[PDB]
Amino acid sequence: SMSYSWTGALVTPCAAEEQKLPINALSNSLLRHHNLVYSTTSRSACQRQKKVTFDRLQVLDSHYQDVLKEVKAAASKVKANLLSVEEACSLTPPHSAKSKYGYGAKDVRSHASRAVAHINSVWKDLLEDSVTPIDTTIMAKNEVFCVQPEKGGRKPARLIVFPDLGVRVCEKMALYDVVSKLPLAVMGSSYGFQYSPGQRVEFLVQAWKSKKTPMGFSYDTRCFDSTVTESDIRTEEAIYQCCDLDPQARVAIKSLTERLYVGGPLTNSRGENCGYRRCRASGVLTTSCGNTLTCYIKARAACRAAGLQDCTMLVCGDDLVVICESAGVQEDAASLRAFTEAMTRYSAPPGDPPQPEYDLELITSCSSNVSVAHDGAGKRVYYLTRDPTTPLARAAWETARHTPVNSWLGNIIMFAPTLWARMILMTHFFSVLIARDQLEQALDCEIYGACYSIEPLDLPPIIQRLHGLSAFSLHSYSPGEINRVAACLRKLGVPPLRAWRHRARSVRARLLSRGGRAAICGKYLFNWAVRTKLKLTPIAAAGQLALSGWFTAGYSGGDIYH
């Protein structure tokens, strides 16, 4: 069937949509080529709609069915609980899209009468009605990028599809515990969201070293969400039901599957009927879990069909990497083509054909790659990095305009060991926070899809836990990485690293003078900026942190707040 059918009604905005990066002195201090920086808007929705709309032909085989059997068996070891209304309410972000039924996120979080009443009614309806499709809103995401005029110019807006706030709370009640436990149980070490960045590096390096002659590749499915079929989604439901569940949970999960997950009508912001969906909803609780599971099942089966030897897989939603034992250059190339053929049969062809890689650093996944630097003693330290263009562009926008979620803070946390995060992002934002008297204020940012409230002053212990102490002492970065950052700075009109160093010395001094947590920030985060270095010992606060739930699971599009 068609992933989508359209009525011709447009995807419409809620509020004003700024297309171009606004001119602001503080944002300009980071990046000056403002004309290159743009936000996606509803204006490009039509372009995206075209790409995501196609017929799915799915043909399953014995390998698929074998893997599915394994998965169901693994799932049967899981015990999952219902969340109470109150518990589910507290997982709702304060900035979450308000209900159409006279209440919003703040009302949900405060357990307000109107909100709780509607939520209760929605739950009752789920128990009583297992068939009637549930309404969804379609919106164009507003995301910031840098133009690549050589490479097709501006990206079209991604489409987000989500049900009412009331339904979203009920999803949590029925499935939060399931989507938090199941992927790990089924996938084990292949579940990508269980790892901190530091742990991820360790896993990848070990996997690579575990092969006599390693070969690895990334597999990029074209429009993964659209490739997800009705049968795929019903299979996901079947897997959920393998868990030991509460009777009411079983009913709600089935109802949510048949009425929401498998498909339903699309309504724009003006209340108009846009069409009908028969694939994955991008904005439901199960998006991450579902995508990861379905990608895993298909990929694991495809590995068998492709005759790949001693496969180690890593899966993050639709993002997939396989590391295996090389059979030879031509043999490997042929096996990869076979892998693609199998994935294609399963409904998931690639955007660009995958390529075998024999150097770990040459594999890119989730926009990131493994690179090498050196610690204070000259020991080689591996870390994850990425092209800084998008992070910097977004950082500039978020400086110029107040945003509910601060991507810059997340990038600093996740990419803390990188040359660019340390010298540019840290320097810039601490200078901005000082200037605006916002140093002590907690900010909202996303980590693996889940929204967290994080205080900037807690960055050093957070970074230590995620990356290790070495993150504050890395030097002698690779020529390739240095060159990539340099190229980015030239492109975007960002000041050179030596200028940032000078700025960092001033920022560091200011931070040290304030004492306490600020002083620890100055000491640890900006030790790179000074010749006369301070002794960076383990941070006491780091041990006192409880961060377990940071890397339990992925929640992208799942409307989760911790």
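We number the residues from 1 along the sequence you see.
Chemist: Tell me which of 146-154 and 241-249 has the higher mean C-alpha B-factor in the deposited entry.
Modeler: On average, C-alpha B-factors are higher across 146-154.
Chemist: Return whichever of 439-447 and 180-188 has the greater mean Cα B factor according to the PDB record.
Modeler: The recorded data point to 439-447.
Chemist: In terms of recorded Cα temperature factor, pick the maximum from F429, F162, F415, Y101.
Modeler: When the deposited C-alpha B-factors of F429, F162, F415, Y101 are compared, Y101 is largest.
Chemist: Taking the Cα B-factors listed in the entry, which of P356, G283, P197, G263 comes out highest?
Modeler: It is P356.
Chemist: Based on the entry's values, in what third of the chain does the Cα temperature factor of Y452 lie: lowest, middle or highest?
Modeler: It belongs to the highest third of the chain when residues are ordered by C-alpha B-factor.
Chemist: Rank-wise, by C-alpha B-factor, drop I233 into the lowest, middle or highest third of its chain.
Modeler: Ranked within chain, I233 CA B lands in the lowest tercile.
Chemist: Can you tell me which third, lowest, middle or highest, the CA B-factor of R43 falls into for its chain?
Modeler: It belongs to the highest third of the chain when residues are ordered by C-alpha B-factor.
Chemist: Ranking every modelled residue in this chain by its Cα temperature factor as given in the entry, which third contains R32?
Modeler: As the PDB entry reports it, the C-alpha B-factor of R32 lands in the lowest third of its chain.
Chemist: Is the Cα B-factor recorded for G328 in the lowest, middle or highest third of its chain?
Modeler: Highest third - that is where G328 ends up once the chain's C-alpha B-factors are sorted.
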